[PDB]
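Asks: Hey, dropping run-v3.pdb in here, PDB, C-alpha atoms:
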ATOM      1  CA  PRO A   1      86.278 -72.982-112.903
ATOM      2  CA  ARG A   2      88.368 -75.888-111.542
ATOM      3  CA  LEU A   3      90.397 -76.679-114.654
ATOM      4  CA  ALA A   4      91.222 -80.056-113.086
ATOM      5  CA  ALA A   5      87.579 -80.990-113.699
ATOM      6  CA  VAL A   6      87.238 -79.134-117.007
ATOM      7  CA  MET A   7      90.098 -80.853-118.865
ATOM      8  CA  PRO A   8      88.828 -84.462-118.541
ATOM      9  CA  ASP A   9      85.338 -83.325-119.520
ATOM     10  CA  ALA A  10      86.863 -81.413-122.427
ATOM     11  CA  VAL A  11      88.699 -84.440-123.819
ATOM     12  CA  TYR A  12      85.744 -86.754-123.160
ATOM     13  CA  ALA A  13      83.419 -84.411-125.044
ATOM     14  CA  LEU A  14      85.938 -84.134-127.882
ATOM     15  CA  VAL A  15      86.282 -87.877-128.444
ATOM     16  CA  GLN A  16      82.569 -88.582-127.936
ATOM     17  CA  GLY A  17      81.609 -85.878-130.421
ATOM     18  CA  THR A  18      84.102 -87.291-132.904
ATOM     19  CA  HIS A  19      82.488 -90.708-132.394
ATOM     20  CA  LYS A  20      79.042 -89.250-133.079
ATOM     21  CA  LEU A  21      80.232 -87.492-136.237
ATOM     22  CA  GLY A  22      81.846 -90.733-137.385
ATOM     23  CA  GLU A  23      78.602 -92.619-136.796
ATOM     24  CA  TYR A  24      76.820 -89.998-138.901
ATOM     25  CA  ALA A  25      79.506 -90.286-141.589
ATOM     26  CA  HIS A  26      78.919 -94.052-141.627
ATOM     27  CA  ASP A  27      75.103 -94.082-141.594
ATOM     28  CA  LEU A  28      74.768 -91.835-144.665
ATOM     29  CA  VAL A  29      77.423 -93.411-146.902
ATOM     30  CA  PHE A  30      76.555 -96.941-145.809
ATOM     31  CA  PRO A  31      72.831 -96.865-145.015
ATOM     32  CA  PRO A  32      71.684 -98.832-141.964
ATOM     33  CA  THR A  33      70.713-102.488-142.141
ATOM     34  CA  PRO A  34      66.939-103.080-142.223
ATOM     35  CA  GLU A  35      66.776-106.390-140.315
ATOM     36  CA  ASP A  36      70.209-107.004-138.767
ATOM     37  CA  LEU A  37      69.111-104.228-136.418
ATOM     38  CA  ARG A  38      67.186-107.139-134.884
ATOM     39  CA  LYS A  39      70.426-109.132-134.751
ATOM     40  CA  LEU A  40      72.016-106.361-132.695
ATOM     41  CA  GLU A  41      68.710-105.943-130.834
ATOM     42  CA  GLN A  42      68.777-109.511-129.543
ATOM     43  CA  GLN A  43      72.567-109.612-129.103
ATOM     44  CA  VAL A  44      72.476-106.600-126.822
ATOM     45  CA  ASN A  45      69.433-108.215-125.194
ATOM     46  CA  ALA A  46      71.191-111.532-124.441
ATOM     47  CA  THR A  47      73.849-110.032-122.145
ATOM     48  CA  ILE A  48      71.305-108.307-119.899
ATOM     49  CA  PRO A  49      71.665-110.105-116.536
ATOM     50  CA  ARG A  50      68.837-112.180-115.126
ATOM     51  CA  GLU A  51      68.112-109.671-112.346
ATOM     52  CA  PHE A  52      66.988-107.211-115.024
ATOM     53  CA  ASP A  53      64.784-109.596-117.022
ATOM     54  CA  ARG A  54      62.232-109.224-114.208
ATOM     55  CA  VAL A  55      61.537-105.666-115.354
ATOM     56  CA  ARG A  56      61.948-106.512-119.050
ATOM     57  CA  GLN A  57      58.739-108.531-118.847
ATOM     58  CA  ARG A  58      57.371-105.725-116.674
ATOM     59  CA  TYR A  59      58.437-103.469-119.549
ATOM     60  CA  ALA A  60      56.400-105.500-122.038
ATOM     61  CA  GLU A  61      53.037-105.660-120.247
ATOM     62  CA  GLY A  62      51.859-102.090-119.736
ATOM     63  CA  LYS A  63      52.525-101.662-116.018
ATOM     64  CA  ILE A  64      56.087-100.392-116.543
ATOM     65  CA  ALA A  65      55.832 -97.003-114.790
ATOM     66  CA  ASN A  66      54.722 -93.455-115.496
ATOM     67  CA  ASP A  67      58.334 -92.473-115.907
ATOM     68  CA  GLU A  68      59.604 -92.524-112.285
ATOM     69  CA  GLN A  69      58.599 -95.889-110.816
ATOM     70  CA  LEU A  70      60.975 -97.808-113.084
ATOM     71  CA  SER A  71      63.763 -95.357-112.252
ATOM     72  CA  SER A  72      63.434 -96.654-108.706
ATOM     73  CA  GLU A  73      62.589-100.198-109.774
ATOM     74  CA  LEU A  74      65.738-101.067-111.708
ATOM     75  CA  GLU A  75      67.767 -99.419-108.936
ATOM     76  CA  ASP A  76      67.263-102.368-106.591
ATOM     77  CA  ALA A  77      67.943-104.728-109.491
ATOM     78  CA  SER A  78      71.261-102.955-110.033
ATOM     79  CA  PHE A  79      71.952-103.201-106.305
ATOM     80  CA  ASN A  80      71.171-106.906-105.933
ATOM     81  CA  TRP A  81      73.312-107.608-108.995
ATOM     82  CA  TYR A  82      75.973-105.511-107.258
ATOM     83  CA  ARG A  83      75.847-107.508-104.021
ATOM     84  CA  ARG A  84      75.643-110.765-105.978
ATOM     85  CA  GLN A  85      78.818-109.857-107.857
ATOM     86  CA  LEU A  86      80.406-108.928-104.533
ATOM     87  CA  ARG A  87      79.580-112.389-103.183
ATOM     88  CA  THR A  88      80.911-113.996-106.358
ATOM     89  CA  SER A  89      84.127-112.042-105.804
ATOM     90  CA  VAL A  90      84.536-112.994-102.145
ATOM     91  CA  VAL A  91      82.660-116.245-101.421
ATOM     92  CA  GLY A  92      82.498-117.345-105.058
ATOM     93  CA  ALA A  93      79.656-118.341-107.345
ATOM     94  CA  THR A  94      76.806-120.793-106.810
ATOM     95  CA  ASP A  95      78.552-123.922-108.098
ATOM     96  CA  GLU A  96      82.001-123.052-106.785
ATOM     97  CA  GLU A  97      83.554-123.603-103.353
ATOM     98  CA  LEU A  98      86.648-122.070-101.730
ATOM     99  CA  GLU A  99      89.048-124.622-103.222
ATOM    100  CA  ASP A 100      87.850-123.632-106.689
ATOM    101  CA  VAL A 101      88.198-119.935-105.826
ATOM    102  CA  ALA A 102      91.818-120.550-104.847
ATOM    103  CA  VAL A 103      92.175-122.495-108.098
ATOM    104  CA  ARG A 104      90.767-119.646-110.181
ATOM    105  CA  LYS A 105      92.648-116.732-108.610
ATOM    106  CA  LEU A 106      95.929-118.686-108.533
ATOM    107  CA  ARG A 107      95.501-119.264-112.289
ATOM    108  CA  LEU A 108      96.166-122.979-111.834
ATOM    109  CA  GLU A 109      94.033-124.441-114.631
ATOM    110  CA  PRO A 110      94.643-123.880-118.343
ATOM    111  CA  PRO A 111      91.849-123.165-120.821
ATOM    112  CA  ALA A 112      90.664-126.507-122.203
ATOM    113  CA  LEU A 113      92.529-127.128-125.462
ATOM    114  CA  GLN A 114      91.218-130.607-126.308
ATOM    115  CA  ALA A 115      87.616-129.420-126.006
ATOM    116  CA  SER A 116      88.390-126.465-128.306
ATOM    117  CA  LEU A 117      88.630-128.739-131.366
TER
ATOM    118  CA  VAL B   1     128.062-140.409-110.178
ATOM    119  CA  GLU B   2     126.971-143.886-111.285
ATOM    120  CA  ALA B   3     125.894-144.969-107.800
ATOM    121  CA  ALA B   4     124.293-141.607-106.991
ATOM    122  CA  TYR B   5     122.232-141.446-110.195
ATOM    123  CA  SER B   6     121.231-145.114-109.986
ATOM    124  CA  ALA B   7     120.133-144.670-106.376
ATOM    125  CA  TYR B   8     118.192-141.558-107.394
ATOM    126  CA  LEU B   9     116.125-143.452-109.949
ATOM    127  CA  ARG B  10     115.868-146.247-107.369
ATOM    128  CA  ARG B  11     114.384-143.918-104.747
ATOM    129  CA  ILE B  12     111.863-142.367-107.119
ATOM    130  CA  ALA B  13     110.951-145.867-108.339
ATOM    131  CA  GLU B  14     110.353-147.084-104.791
ATOM    132  CA  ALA B  15     108.224-144.007-104.127
ATOM    133  CA  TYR B  16     106.085-144.522-107.231
ATOM    134  CA  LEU B  17     105.487-148.266-107.048
ATOM    135  CA  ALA B  18     104.682-147.864-103.352
ATOM    136  CA  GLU B  19     102.204-145.077-104.152
ATOM    137  CA  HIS B  20     100.236-147.261-106.617
ATOM    138  CA  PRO B  21     100.662-150.984-105.858
ATOM    139  CA  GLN B  22      98.431-152.166-108.719
ATOM    140  CA  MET B  23     101.014-151.769-111.491
ATOM    141  CA  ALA B  24     103.780-153.083-109.201
ATOM    142  CA  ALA B  25     103.403-156.381-111.068
ATOM    143  CA  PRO B  26     106.153-157.499-113.479
ATOM    144  CA  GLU B  27     103.683-156.992-116.353
ATOM    145  CA  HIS B  28     104.822-153.342-116.265
ATOM    146  CA  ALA B  29     108.621-153.887-116.527
ATOM    147  CA  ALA B  30     108.360-151.578-119.554
ATOM    148  CA  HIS B  31     105.534-149.453-118.116
ATOM    149  CA  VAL B  32     106.764-148.471-114.654
ATOM    150  CA  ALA B  33     110.179-148.028-116.280
ATOM    151  CA  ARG B  34     108.529-145.732-118.836
ATOM    152  CA  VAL B  35     107.121-143.753-115.906
ATOM    153  CA  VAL B  36     110.445-143.628-114.043
ATOM    154  CA  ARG B  37     112.192-142.312-117.155
ATOM    155  CA  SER B  38     109.542-139.592-117.424
ATOM    156  CA  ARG B  39     109.675-138.727-113.714
ATOM    157  CA  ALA B  40     113.469-138.559-113.347
ATOM    158  CA  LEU B  41     113.699-135.500-115.621
ATOM    159  CA  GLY B  42     110.799-133.316-114.508
ATOM    160  CA  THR B  43     107.077-133.160-114.639
ATOM    161  CA  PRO B  44     105.020-134.815-117.378
ATOM    162  CA  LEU B  45     103.545-132.013-119.463
ATOM    163  CA  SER B  46      99.912-132.346-120.564
ATOM    164  CA  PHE B  47      99.320-131.077-124.143
ATOM    165  CA  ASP B  48      96.804-128.422-123.039
TER
END
Please lay out the structure from this file as structure tokens.
Replies:
Amino acid sequence: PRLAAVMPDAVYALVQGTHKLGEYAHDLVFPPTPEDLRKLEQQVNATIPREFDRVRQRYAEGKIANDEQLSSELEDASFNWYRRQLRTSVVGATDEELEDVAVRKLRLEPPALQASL
Amino acid sequence: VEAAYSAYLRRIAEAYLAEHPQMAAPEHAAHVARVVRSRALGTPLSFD
């Protein structure tokens, strides 16, 4: 029913299944790394915003949830990150005033080339 | 064309040396001239 909804799901499922089968084809031929899994562990950890680290520690020390209290805990973290990003879009960041917003969205400054090397 | 071009560099030179009076000393007869030559053609391009 409602082919307009079925087709995108069909193609999404196709490509995602192909990705899974490719991951399987790569984990058997080339077996997984034993310790660089910690490299990827920490390097997917580092990009977690600050507003989520408050539950990360709450995830370490026992009192996480049963299964449901976190699934309403991280919701408000998502939402305050959402409104914070909205304010960074409109009124800018914490160390940035309206002149610098006009500078950034006018693309007035070049990326620093002398500091690069 | 001679008078027009000369007066053009004259005007931009007046504007500059009036903007920053510190290098309006004769010590810069090769410096403010070096700036006029750079400013009569366009904008000085920073490497970055």
Asks: Enter the distance from atom CA of residue A:100 to atom CA of residue A:85, in Å, rounded to one decimal.
Replies: 16.5 Å
Asks: Please determine the contact residues of chain A with respect to chain B at a cut-off of 12 Å, counting all atoms listed in the file, and supply them as a list in words.
Replies: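 Going by the stated atoms only, the list reads residues 109, 110, 111, 112, 113, 114, 115, 116 and 117 of chain A.
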Asks: I need the residues from that last selection saved to file as a short mmCIF file (atom, residue, chain, number, x, y, z; two decimals), in the frame of the given file (with C-alpha atoms), if you can.
Replies:
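For reference, again14.cif as written:
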data_model
loop_
_atom_site.label_atom_id
_atom_site.label_comp_id
_atom_site.auth_asym_id
_atom_site.auth_seq_id
_atom_site.Cartn_x
_atom_site.Cartn_y
_atom_site.Cartn_z
CA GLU A 109 94.03 -124.44 -114.63
CA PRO A 110 94.64 -123.88 -118.34
CA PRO A 111 91.85 -123.16 -120.82
CA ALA A 112 90.66 -126.51 -122.20
CA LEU A 113 92.53 -127.13 -125.46
CA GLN A 114 91.22 -130.61 -126.31
CA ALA A 115 87.62 -129.42 -126.01
CA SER A 116 88.39 -126.46 -128.31
CA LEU A 117 88.63 -128.74 -131.37
#
Asks: Could you tell me, as a ChimeraX atom specification, exactly which residues end up selected when the PyMOL selection byres ((chain B and resi 2-13) around 9) is applied to this structure?
Replies: /B:1,14-18,32-33,35-37,39-40
Asks: Residues as selected, C-alpha atoms, written as an mmCIF file, keeping the file's coordinate frame, can you do that?
Replies:
data_model
loop_
_atom_site.group_PDB
_atom_site.id
_atom_site.type_symbol
_atom_site.label_atom_id
_atom_site.label_comp_id
_atom_site.auth_asym_id
_atom_site.auth_seq_id
_atom_site.Cartn_x
_atom_site.Cartn_y
_atom_site.Cartn_z
ATOM 1 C CA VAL B 1 128.062 -140.409 -110.178
ATOM 2 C CA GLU B 14 110.353 -147.084 -104.791
ATOM 3 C CA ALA B 15 108.224 -144.007 -104.127
ATOM 4 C CA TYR B 16 106.085 -144.522 -107.231
ATOM 5 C CA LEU B 17 105.487 -148.266 -107.048
ATOM 6 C CA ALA B 18 104.682 -147.864 -103.352
ATOM 7 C CA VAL B 32 106.764 -148.471 -114.654
ATOM 8 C CA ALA B 33 110.179 -148.028 -116.280
ATOM 9 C CA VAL B 35 107.121 -143.753 -115.906
ATOM 10 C CA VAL B 36 110.445 -143.628 -114.043
ATOM 11 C CA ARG B 37 112.192 -142.312 -117.155
ATOM 12 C CA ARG B 39 109.675 -138.727 -113.714
ATOM 13 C CA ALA B 40 113.469 -138.559 -113.347
#
Asks: Nearest residue to residue A:82 out of A:12, A:24, A:30, A:52, using all atoms listed in the file?
Replies: A:52
Asks: Under the rule that all atoms listed in the file are counted, which of A:3, A:46, A:91, A:55 is the nearest residue to residue A:71?
Replies: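 So, comparing all the options, the nearest one is A:55.
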Asks: What's the separation between atom CA of residue A:79 and atom CA of residue A:56, in Å to one decimal place?
Replies: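 These atoms are spaced 16.5 Å apart.
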Asks: Work out how far atom CA of residue A:99 is from atom CA of residue A:47, in Å to one decimal.
Replies: 28.3 Å
Asks: Box for stretch 1-6 of chain B: with edges along x, y and z, all listed atoms inside and 4 Å added on each side, what are the centre and edge lengths in Å to one decimal, as lines of an AutoDock Vina configuration file?
Replies:
center_x = 124.6
center_y = -142.8
center_z = -109.1
size_x = 14.8
size_y = 12.7
size_z = 12.3
